[PDB]
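Asks: Supplied structure: entry20.cif, mmCIF, N, CA and C atoms.
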data_coords
loop_
_atom_site.label_atom_id
_atom_site.label_comp_id
_atom_site.auth_asym_id
_atom_site.auth_seq_id
_atom_site.Cartn_x
_atom_site.Cartn_y
_atom_site.Cartn_z
N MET A 1 -102.91 6.70 -191.53
CA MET A 1 -103.69 5.49 -191.15
C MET A 1 -103.80 5.35 -189.63
N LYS A 2 -104.97 4.92 -189.16
CA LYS A 2 -105.21 4.74 -187.73
C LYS A 2 -104.50 3.49 -187.21
N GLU A 3 -103.79 3.64 -186.09
CA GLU A 3 -103.07 2.52 -185.50
C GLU A 3 -103.42 2.34 -184.02
N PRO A 4 -104.46 1.54 -183.73
CA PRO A 4 -104.91 1.28 -182.35
C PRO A 4 -103.94 0.39 -181.57
N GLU A 5 -104.33 0.02 -180.35
CA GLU A 5 -103.50 -0.82 -179.49
C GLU A 5 -104.26 -2.06 -179.03
N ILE A 6 -103.92 -3.20 -179.61
CA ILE A 6 -104.56 -4.47 -179.27
C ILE A 6 -103.74 -5.24 -178.23
N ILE A 7 -104.39 -5.64 -177.14
CA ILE A 7 -103.72 -6.38 -176.07
C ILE A 7 -104.61 -7.48 -175.51
N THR A 8 -104.00 -8.64 -175.24
CA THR A 8 -104.73 -9.78 -174.69
C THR A 8 -104.74 -9.75 -173.16
N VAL A 9 -105.93 -9.56 -172.59
CA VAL A 9 -106.09 -9.49 -171.14
C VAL A 9 -106.73 -10.77 -170.59
N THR A 10 -106.37 -11.12 -169.35
CA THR A 10 -106.91 -12.32 -168.71
C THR A 10 -107.64 -11.96 -167.41
N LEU A 11 -108.96 -12.14 -167.41
CA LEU A 11 -109.77 -11.83 -166.23
C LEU A 11 -110.68 -13.01 -165.86
N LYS A 12 -111.21 -12.98 -164.63
CA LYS A 12 -112.09 -14.05 -164.15
C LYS A 12 -113.55 -13.60 -164.15
N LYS A 13 -114.45 -14.53 -163.84
CA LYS A 13 -115.88 -14.23 -163.81
C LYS A 13 -116.41 -14.18 -162.37
N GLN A 14 -116.87 -13.00 -161.95
CA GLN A 14 -117.41 -12.82 -160.61
C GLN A 14 -118.93 -13.03 -160.61
N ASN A 15 -119.59 -12.51 -161.65
CA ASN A 15 -121.04 -12.64 -161.78
C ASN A 15 -121.48 -12.32 -163.22
N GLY A 16 -120.78 -12.91 -164.19
CA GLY A 16 -121.10 -12.68 -165.59
C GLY A 16 -120.21 -11.63 -166.22
N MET A 17 -120.76 -10.86 -167.16
CA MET A 17 -120.01 -9.82 -167.85
C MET A 17 -120.86 -8.56 -168.03
N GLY A 18 -120.72 -7.61 -167.11
CA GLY A 18 -121.49 -6.38 -167.18
C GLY A 18 -120.92 -5.40 -168.19
N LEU A 19 -121.11 -5.69 -169.48
CA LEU A 19 -120.62 -4.83 -170.55
C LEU A 19 -121.36 -5.10 -171.86
N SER A 20 -121.59 -4.04 -172.64
CA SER A 20 -122.29 -4.16 -173.92
C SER A 20 -121.32 -4.47 -175.05
N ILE A 21 -121.79 -5.24 -176.04
CA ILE A 21 -120.96 -5.61 -177.19
C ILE A 21 -121.75 -5.54 -178.50
N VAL A 22 -121.02 -5.54 -179.62
CA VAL A 22 -121.63 -5.47 -180.94
C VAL A 22 -120.77 -6.17 -182.00
N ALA A 23 -121.42 -6.82 -182.96
CA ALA A 23 -120.72 -7.52 -184.04
C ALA A 23 -120.92 -6.80 -185.38
N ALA A 24 -119.99 -5.89 -185.71
CA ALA A 24 -120.07 -5.14 -186.96
C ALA A 24 -118.70 -5.07 -187.64
N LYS A 25 -118.64 -4.40 -188.80
CA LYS A 25 -117.39 -4.26 -189.54
C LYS A 25 -116.80 -2.86 -189.37
N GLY A 26 -115.65 -2.61 -190.00
CA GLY A 26 -115.00 -1.32 -189.91
C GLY A 26 -114.06 -1.08 -191.06
N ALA A 27 -112.90 -0.51 -190.76
CA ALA A 27 -111.91 -0.24 -191.80
C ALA A 27 -110.73 -1.19 -191.67
N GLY A 28 -110.10 -1.51 -192.81
CA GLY A 28 -108.99 -2.44 -192.80
C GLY A 28 -109.41 -3.79 -192.24
N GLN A 29 -110.73 -4.02 -192.22
CA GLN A 29 -111.30 -5.24 -191.68
C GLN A 29 -112.61 -5.59 -192.38
N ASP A 30 -112.56 -6.60 -193.26
CA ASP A 30 -113.74 -7.03 -194.01
C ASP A 30 -114.51 -8.14 -193.28
N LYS A 31 -114.40 -8.17 -191.95
CA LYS A 31 -115.10 -9.16 -191.14
C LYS A 31 -116.00 -8.47 -190.12
N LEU A 32 -116.36 -9.18 -189.05
CA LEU A 32 -117.22 -8.61 -188.02
C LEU A 32 -116.61 -8.83 -186.63
N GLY A 33 -115.97 -7.78 -186.11
CA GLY A 33 -115.35 -7.87 -184.80
C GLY A 33 -116.31 -7.57 -183.67
N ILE A 34 -116.01 -8.10 -182.48
CA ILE A 34 -116.86 -7.87 -181.31
C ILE A 34 -116.44 -6.60 -180.58
N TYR A 35 -117.09 -5.49 -180.92
CA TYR A 35 -116.77 -4.20 -180.31
C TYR A 35 -117.49 -4.01 -178.98
N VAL A 36 -116.83 -3.32 -178.06
CA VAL A 36 -117.40 -3.05 -176.74
C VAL A 36 -118.16 -1.73 -176.76
N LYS A 37 -119.49 -1.82 -176.71
CA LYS A 37 -120.34 -0.63 -176.73
C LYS A 37 -120.18 0.17 -175.44
N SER A 38 -120.14 -0.53 -174.30
CA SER A 38 -119.99 0.12 -173.00
C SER A 38 -119.68 -0.91 -171.91
N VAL A 39 -119.36 -0.41 -170.72
CA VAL A 39 -119.04 -1.27 -169.58
C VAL A 39 -119.86 -0.87 -168.36
N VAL A 40 -120.66 -1.80 -167.85
CA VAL A 40 -121.49 -1.55 -166.68
C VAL A 40 -120.64 -1.38 -165.42
N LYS A 41 -120.90 -0.31 -164.68
CA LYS A 41 -120.17 -0.01 -163.45
C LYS A 41 -120.33 -1.14 -162.44
N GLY A 42 -119.21 -1.65 -161.95
CA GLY A 42 -119.24 -2.74 -160.98
C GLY A 42 -118.71 -4.05 -161.55
N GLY A 43 -118.70 -4.17 -162.88
CA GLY A 43 -118.22 -5.38 -163.51
C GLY A 43 -116.73 -5.60 -163.29
N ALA A 44 -116.30 -6.86 -163.40
CA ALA A 44 -114.89 -7.23 -163.22
C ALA A 44 -113.96 -6.40 -164.11
N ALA A 45 -114.39 -6.16 -165.35
CA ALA A 45 -113.58 -5.38 -166.29
C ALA A 45 -113.57 -3.89 -165.92
N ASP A 46 -114.71 -3.39 -165.43
CA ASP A 46 -114.82 -1.99 -165.05
C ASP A 46 -114.00 -1.69 -163.79
N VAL A 47 -114.17 -2.51 -162.76
CA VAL A 47 -113.45 -2.32 -161.50
C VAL A 47 -111.93 -2.43 -161.71
N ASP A 48 -111.51 -3.39 -162.53
CA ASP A 48 -110.09 -3.59 -162.81
C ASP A 48 -109.49 -2.37 -163.50
N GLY A 49 -110.13 -1.91 -164.57
CA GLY A 49 -109.64 -0.76 -165.31
C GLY A 49 -108.71 -1.15 -166.44
N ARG A 50 -109.12 -2.15 -167.23
CA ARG A 50 -108.31 -2.62 -168.35
C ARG A 50 -108.92 -2.17 -169.68
N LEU A 51 -110.09 -2.71 -170.02
CA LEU A 51 -110.77 -2.36 -171.26
C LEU A 51 -111.67 -1.14 -171.05
N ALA A 52 -111.99 -0.45 -172.15
CA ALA A 52 -112.84 0.74 -172.09
C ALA A 52 -113.98 0.68 -173.11
N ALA A 53 -114.85 1.68 -173.08
CA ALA A 53 -115.99 1.75 -173.99
C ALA A 53 -115.55 2.11 -175.41
N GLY A 54 -116.26 1.59 -176.40
CA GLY A 54 -115.93 1.86 -177.79
C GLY A 54 -114.64 1.20 -178.22
N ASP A 55 -114.47 -0.08 -177.86
CA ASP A 55 -113.27 -0.83 -178.21
C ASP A 55 -113.60 -2.02 -179.11
N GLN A 56 -112.58 -2.78 -179.50
CA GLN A 56 -112.77 -3.95 -180.37
C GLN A 56 -112.21 -5.21 -179.72
N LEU A 57 -112.84 -6.35 -180.00
CA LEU A 57 -112.40 -7.64 -179.45
C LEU A 57 -112.12 -8.63 -180.58
N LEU A 58 -110.93 -9.23 -180.57
CA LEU A 58 -110.54 -10.18 -181.60
C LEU A 58 -110.49 -11.62 -181.07
N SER A 59 -109.61 -11.87 -180.10
CA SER A 59 -109.46 -13.22 -179.54
C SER A 59 -110.13 -13.36 -178.18
N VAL A 60 -110.72 -14.53 -177.94
CA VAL A 60 -111.40 -14.83 -176.68
C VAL A 60 -111.05 -16.25 -176.21
N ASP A 61 -110.28 -16.33 -175.13
CA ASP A 61 -109.86 -17.61 -174.56
C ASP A 61 -109.09 -18.45 -175.58
N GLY A 62 -108.23 -17.79 -176.36
CA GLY A 62 -107.45 -18.49 -177.37
C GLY A 62 -108.13 -18.52 -178.73
N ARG A 63 -109.46 -18.45 -178.75
CA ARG A 63 -110.21 -18.47 -180.00
C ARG A 63 -110.22 -17.09 -180.65
N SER A 64 -110.80 -17.01 -181.85
CA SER A 64 -110.88 -15.76 -182.59
C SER A 64 -112.30 -15.51 -183.09
N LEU A 65 -112.88 -14.38 -182.68
CA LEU A 65 -114.24 -14.03 -183.09
C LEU A 65 -114.21 -13.07 -184.29
N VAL A 66 -113.46 -13.44 -185.32
CA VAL A 66 -113.34 -12.62 -186.52
C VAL A 66 -114.32 -13.08 -187.60
N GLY A 67 -115.51 -12.50 -187.59
CA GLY A 67 -116.53 -12.86 -188.56
C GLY A 67 -117.70 -13.60 -187.93
N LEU A 68 -118.00 -13.28 -186.67
CA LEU A 68 -119.10 -13.92 -185.95
C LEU A 68 -120.16 -12.90 -185.55
N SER A 69 -121.38 -13.38 -185.32
CA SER A 69 -122.49 -12.51 -184.92
C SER A 69 -122.42 -12.18 -183.43
N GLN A 70 -123.20 -11.19 -183.01
CA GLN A 70 -123.23 -10.77 -181.61
C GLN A 70 -123.64 -11.94 -180.72
N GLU A 71 -124.58 -12.76 -181.21
CA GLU A 71 -125.06 -13.91 -180.46
C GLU A 71 -123.94 -14.94 -180.26
N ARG A 72 -123.24 -15.28 -181.35
CA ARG A 72 -122.15 -16.25 -181.29
C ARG A 72 -121.09 -15.83 -180.27
N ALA A 73 -120.68 -14.57 -180.32
CA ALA A 73 -119.67 -14.05 -179.40
C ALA A 73 -120.20 -14.01 -177.97
N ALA A 74 -121.35 -13.37 -177.78
CA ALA A 74 -121.97 -13.26 -176.45
C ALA A 74 -122.22 -14.64 -175.85
N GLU A 75 -122.71 -15.56 -176.68
CA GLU A 75 -122.99 -16.92 -176.24
C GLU A 75 -121.70 -17.66 -175.88
N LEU A 76 -120.63 -17.39 -176.62
CA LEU A 76 -119.34 -18.04 -176.35
C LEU A 76 -118.72 -17.49 -175.07
N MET A 77 -118.86 -16.18 -174.85
CA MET A 77 -118.31 -15.53 -173.65
C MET A 77 -118.94 -16.09 -172.38
N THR A 78 -120.24 -16.39 -172.44
CA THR A 78 -120.95 -16.94 -171.28
C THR A 78 -120.58 -18.41 -171.07
N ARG A 79 -120.31 -19.12 -172.16
CA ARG A 79 -119.94 -20.53 -172.09
C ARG A 79 -118.42 -20.71 -171.94
N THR A 80 -117.84 -20.01 -170.96
CA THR A 80 -116.39 -20.10 -170.71
C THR A 80 -116.11 -20.60 -169.29
N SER A 81 -114.84 -20.90 -169.01
CA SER A 81 -114.43 -21.38 -167.69
C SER A 81 -114.26 -20.22 -166.71
N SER A 82 -113.69 -20.50 -165.54
CA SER A 82 -113.47 -19.46 -164.52
C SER A 82 -112.68 -18.29 -165.09
N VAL A 83 -111.58 -18.59 -165.79
CA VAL A 83 -110.75 -17.55 -166.39
C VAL A 83 -111.15 -17.32 -167.85
N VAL A 84 -111.19 -16.05 -168.26
CA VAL A 84 -111.55 -15.69 -169.62
C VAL A 84 -110.58 -14.66 -170.20
N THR A 85 -109.83 -15.07 -171.22
CA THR A 85 -108.87 -14.18 -171.86
C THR A 85 -109.52 -13.45 -173.04
N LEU A 86 -109.32 -12.13 -173.10
CA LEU A 86 -109.90 -11.33 -174.18
C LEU A 86 -108.91 -10.28 -174.68
N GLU A 87 -108.77 -10.19 -176.01
CA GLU A 87 -107.85 -9.22 -176.61
C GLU A 87 -108.62 -8.00 -177.12
N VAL A 88 -108.56 -6.91 -176.35
CA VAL A 88 -109.25 -5.67 -176.69
C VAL A 88 -108.36 -4.73 -177.50
N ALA A 89 -108.98 -3.93 -178.37
CA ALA A 89 -108.27 -2.97 -179.21
C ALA A 89 -108.64 -1.53 -178.85
N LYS A 90 -107.65 -0.75 -178.43
CA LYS A 90 -107.86 0.65 -178.06
C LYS A 90 -108.14 1.50 -179.30
N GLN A 91 -109.41 1.83 -179.52
CA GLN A 91 -109.82 2.64 -180.67
C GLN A 91 -111.15 3.35 -180.40
N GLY A 92 -111.82 3.81 -181.46
CA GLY A 92 -113.08 4.50 -181.31
C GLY A 92 -113.45 5.32 -182.53
N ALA A 93 -114.73 5.27 -182.90
CA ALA A 93 -115.23 6.01 -184.06
C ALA A 93 -116.60 6.63 -183.77
#
Mind turning this structure into C-alpha cells?
Replies:
Amino acid sequence: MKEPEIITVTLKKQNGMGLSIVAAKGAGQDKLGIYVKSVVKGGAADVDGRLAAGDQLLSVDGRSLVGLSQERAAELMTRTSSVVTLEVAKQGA
C-alpha cells in the first residue's frame, strides 16, 4: 500500500497563489481532494521550497477541503487572511 507524507505548512500571501490545483478523487479516498497540478516559478510556495507538483491538499487554514470542487477550494484560498495554512501530501500518480 502507498504511504505518502502529509504535513501542515504555514505560509503568507505576497501576490496571490502562483500554483495550479485540481479537485478529483483517488485511492483510499472516496472524496475529492485539492491536488497541486503545478507551481508557478516565483510564487511564495515555489521560492520557499515546501510543497511540490503532483501533490494533495486536505486542510486549509484549519478547515478541510475533503469533498469540494476546484472552485470552492480555489475561491476559499483567495478569501483568506495574511497567513494561510495548508496541509500538502507528498505523493504522485
Asks: Would you please work out which residue, of A:43, A:72, A:87, A:23, is nearest to residue 57 of chain A when using all atoms listed in the file?
Replies: A:87
Asks: Assuming the chain letters and numbering stay as they are in my file, what does the PyMOL selection byres (((chain A and resi 36 and name CA) around 7) and name CA) actually select? List them as a ChimeraX atom specification.
Replies: /A:20-22,34-35,37-38,53-56
Asks: With distances taken over only C-alpha atoms, which residue among A:47, A:41, A:61, A:30 lies nearest residue 82 of chain A?
Replies: A:61
Asks: Taking only C-alpha atoms into account, name the residue in A:92, A:28, A:62, A:16 that is nearest to residue 40 of chain A.
Replies: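 Smallest distance to residue 40 of chain A is found for A:16.
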Asks: Could you tell me which residues the PyMOL selection byres (((chain A and resi 5 and name CA) around 7) and name CA) returns for this structure, as number ranges by chain?
Replies: A: 3-4, 6-7, 89-90
Asks: Find the distance between atom C of residue 60 of chain A and atom C of residue 1 of chain A and write it in Å to one decimal.
Replies: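 Calculated distance between atom C of residue 60 of chain A and atom C of residue 1 of chain A is 26.4 Å.
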Asks: Which residue is closest to residue 75 of chain A? Choose from A:17, A:10, A:93, A:25 and count only C-alpha atoms.
Replies: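 So, comparing all the options, the nearest one is A:17.
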Asks: Would you mind reading off the distance between atom CA of residue 12 of chain A and atom CA of residue 70 of chain A, one decimal, in Å?
Replies: 21.0 Å
Asks: Given the PyMOL selection byres ((chain A and resi 11) around 8) and the file above, list the residues it selects as JSON, numbers by chain.
Replies: {"A": [8, 9, 10, 12, 13, 14, 44, 45, 82, 83, 84, 85, 86]}
Asks: Give me, please, the distance in Å between atom CA of residue 64 of chain A and atom CA of residue 52 of chain A, quoted to one decimal.
Replies: 19.7 Å
Asks: Would you return as number ranges by chain the members of chain A that DSSP assigns to strand (DSSP E) on this structure's backbone?
Replies: A: 5-12, 19-24, 33-39, 55-60, 63-64, 83-90
Asks: Grab the residues selected above and save them as a compact mmCIF listing (two decimals), keeping the file's coordinate frame with N, CA and C atoms.
Replies:
# COMPACT_ATOMS: atom_id res chain seq x y z
N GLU A 5 -104.33 0.02 -180.35
CA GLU A 5 -103.50 -0.82 -179.49
C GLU A 5 -104.26 -2.06 -179.03
N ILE A 6 -103.92 -3.20 -179.61
CA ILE A 6 -104.56 -4.47 -179.27
C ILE A 6 -103.74 -5.24 -178.23
N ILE A 7 -104.39 -5.64 -177.14
CA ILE A 7 -103.72 -6.38 -176.07
C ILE A 7 -104.61 -7.48 -175.51
N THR A 8 -104.00 -8.64 -175.24
CA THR A 8 -104.73 -9.78 -174.69
C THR A 8 -104.74 -9.75 -173.16
N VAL A 9 -105.93 -9.56 -172.59
CA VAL A 9 -106.09 -9.49 -171.14
C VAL A 9 -106.73 -10.77 -170.59
N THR A 10 -106.37 -11.12 -169.35
CA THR A 10 -106.91 -12.32 -168.71
C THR A 10 -107.64 -11.96 -167.41
N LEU A 11 -108.96 -12.14 -167.41
CA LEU A 11 -109.77 -11.83 -166.23
C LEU A 11 -110.68 -13.01 -165.86
N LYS A 12 -111.21 -12.98 -164.63
CA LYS A 12 -112.09 -14.05 -164.15
C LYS A 12 -113.55 -13.60 -164.15
N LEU A 19 -121.11 -5.69 -169.48
CA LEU A 19 -120.62 -4.83 -170.55
C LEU A 19 -121.36 -5.10 -171.86
N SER A 20 -121.59 -4.04 -172.64
CA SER A 20 -122.29 -4.16 -173.92
C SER A 20 -121.32 -4.47 -175.05
N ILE A 21 -121.79 -5.24 -176.04
CA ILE A 21 -120.96 -5.61 -177.19
C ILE A 21 -121.75 -5.54 -178.50
N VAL A 22 -121.02 -5.54 -179.62
CA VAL A 22 -121.63 -5.47 -180.94
C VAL A 22 -120.77 -6.17 -182.00
N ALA A 23 -121.42 -6.82 -182.96
CA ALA A 23 -120.72 -7.52 -184.04
C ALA A 23 -120.92 -6.80 -185.38
N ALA A 24 -119.99 -5.89 -185.71
CA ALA A 24 -120.07 -5.14 -186.96
C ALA A 24 -118.70 -5.07 -187.64
N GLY A 33 -115.97 -7.78 -186.11
CA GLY A 33 -115.35 -7.87 -184.80
C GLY A 33 -116.31 -7.57 -183.67
N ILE A 34 -116.01 -8.10 -182.48
CA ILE A 34 -116.86 -7.87 -181.31
C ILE A 34 -116.44 -6.60 -180.58
N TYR A 35 -117.09 -5.49 -180.92
CA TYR A 35 -116.77 -4.20 -180.31
C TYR A 35 -117.49 -4.01 -178.98
N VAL A 36 -116.83 -3.32 -178.06
CA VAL A 36 -117.40 -3.05 -176.74
C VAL A 36 -118.16 -1.73 -176.76
N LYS A 37 -119.49 -1.82 -176.71
CA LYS A 37 -120.34 -0.63 -176.73
C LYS A 37 -120.18 0.17 -175.44
N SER A 38 -120.14 -0.53 -174.30
CA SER A 38 -119.99 0.12 -173.00
C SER A 38 -119.68 -0.91 -171.91
N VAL A 39 -119.36 -0.41 -170.72
CA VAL A 39 -119.04 -1.27 -169.58
C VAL A 39 -119.86 -0.87 -168.36
N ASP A 55 -114.47 -0.08 -177.86
CA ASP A 55 -113.27 -0.83 -178.21
C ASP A 55 -113.60 -2.02 -179.11
N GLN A 56 -112.58 -2.78 -179.50
CA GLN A 56 -112.77 -3.95 -180.37
C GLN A 56 -112.21 -5.21 -179.72
N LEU A 57 -112.84 -6.35 -180.00
CA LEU A 57 -112.40 -7.64 -179.45
C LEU A 57 -112.12 -8.63 -180.58
N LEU A 58 -110.93 -9.23 -180.57
CA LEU A 58 -110.54 -10.18 -181.60
C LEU A 58 -110.49 -11.62 -181.07
N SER A 59 -109.61 -11.87 -180.10
CA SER A 59 -109.46 -13.22 -179.54
C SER A 59 -110.13 -13.36 -178.18
N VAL A 60 -110.72 -14.53 -177.94
CA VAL A 60 -111.40 -14.83 -176.68
C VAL A 60 -111.05 -16.25 -176.21
N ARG A 63 -109.46 -18.45 -178.75
CA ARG A 63 -110.21 -18.47 -180.00
C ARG A 63 -110.22 -17.09 -180.65
N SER A 64 -110.80 -17.01 -181.85
CA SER A 64 -110.88 -15.76 -182.59
C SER A 64 -112.30 -15.51 -183.09
N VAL A 83 -111.58 -18.59 -165.79
CA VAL A 83 -110.75 -17.55 -166.39
C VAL A 83 -111.15 -17.32 -167.85
N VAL A 84 -111.19 -16.05 -168.26
CA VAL A 84 -111.55 -15.69 -169.62
C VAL A 84 -110.58 -14.66 -170.20
N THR A 85 -109.83 -15.07 -171.22
CA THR A 85 -108.87 -14.18 -171.86
C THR A 85 -109.52 -13.45 -173.04
N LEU A 86 -109.32 -12.13 -173.10
CA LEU A 86 -109.90 -11.33 -174.18
C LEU A 86 -108.91 -10.28 -174.68
N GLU A 87 -108.77 -10.19 -176.01
CA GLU A 87 -107.85 -9.22 -176.61
C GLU A 87 -108.62 -8.00 -177.12
N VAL A 88 -108.56 -6.91 -176.35
CA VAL A 88 -109.25 -5.67 -176.69
C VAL A 88 -108.36 -4.73 -177.50
N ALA A 89 -108.98 -3.93 -178.37
CA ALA A 89 -108.27 -2.97 -179.21
C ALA A 89 -108.64 -1.53 -178.85
N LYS A 90 -107.65 -0.75 -178.43
CA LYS A 90 -107.86 0.65 -178.06
C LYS A 90 -108.14 1.50 -179.30
